[PDB]
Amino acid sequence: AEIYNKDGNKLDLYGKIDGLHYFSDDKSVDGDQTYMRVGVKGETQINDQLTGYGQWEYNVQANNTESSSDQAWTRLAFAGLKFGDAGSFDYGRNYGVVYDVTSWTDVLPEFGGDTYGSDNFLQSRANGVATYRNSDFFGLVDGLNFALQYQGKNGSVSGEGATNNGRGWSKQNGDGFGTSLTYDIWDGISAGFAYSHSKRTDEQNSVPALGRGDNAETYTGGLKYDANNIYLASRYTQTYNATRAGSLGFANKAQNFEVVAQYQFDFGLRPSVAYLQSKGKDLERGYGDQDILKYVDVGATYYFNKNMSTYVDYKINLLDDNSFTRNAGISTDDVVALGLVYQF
């Protein structure tokens, strides 16, 4: 909500409270999952040419004890400048540009968007990303937007590959970069492409047992239709040494694919059908070709107004129970979710 706007300064306090419950045979997923998001968005106009901005957004889980630990974490935090027709530049913890197209399939009522993780080579939110963005291609090609982005090493907690903000192999990275291009064709149809390229840490290539390679790249194409209360969207990605094979490491090759279809009823209900799929190739302990993710997803959300909505979402999980699911820790079971959402 715009809570400040005096003399070219604007402040936006936003968030959502989502009372949410999971039913599942998997005792890791089943139960209460109530959580909360809070954030601030800030704008300051410096000149007519130049305007500066920042955003922070916090996720805090309301589904445990008051004596419980690590229930909060920072999802976004960045500042930047916006130069009008020369673009914008930002730095902080922010979304990868890969997500400039793959976001088009991240529209499900509560699941989806899990062919990738957070802190995973710029497929979604990441530490240490500088991002140049430009809309309408330098004011030339109306409706064509491109983005360029670089990210420095986030290494081990200690050792020769260490940095200040070290972590484990699953979310480490060397220096890397990515870029994205998206075009709005004939009002409602949209095409996009995204590329990413990052070095991998010595621990990446020594500790997890699965995944070997000096670099980690992703190729993505996606289309989407958004008109006449119809929403269709699809996205295809190839990744090398980038998609995680659960706890066992990374897939040397993986092809990820998503399809979504939605209708928006005048009375306020929006149903959703989707199919999602991640298949890993050349894994290193005999796993060979293995599936990492695969499910149909059916669900719906009822919108009371722009501020309150409720939803149900049903993940029909098509993974069989391999020695590879049961060693990577990949959930094999279906899941149903109900949520009621206040947002401000």
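Numbers follow the displayed sequence, beginning with 1.
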| item | value |
| --- | --- |
| Per the entry, higher mean C-alpha B factor between 190-198 and 137-145 | 137-145 |
| 180-188 or 260-268, whichever carries the higher mean Cα B-factor | 180-188 |
| Record-listed C-alpha B factor of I3: chain third | middle |
| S103 - Cα temperature factor, lowest/middle/highest third of chain | middle |
| CA B-factor placement of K315, once the chain's modelled residues are sorted into thirds | lowest |
| Ranked C-alpha temperature factor of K27 among modelled chain residues, by third | highest |
| B-factor third for the C-alpha atom of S331 within its chain | lowest |
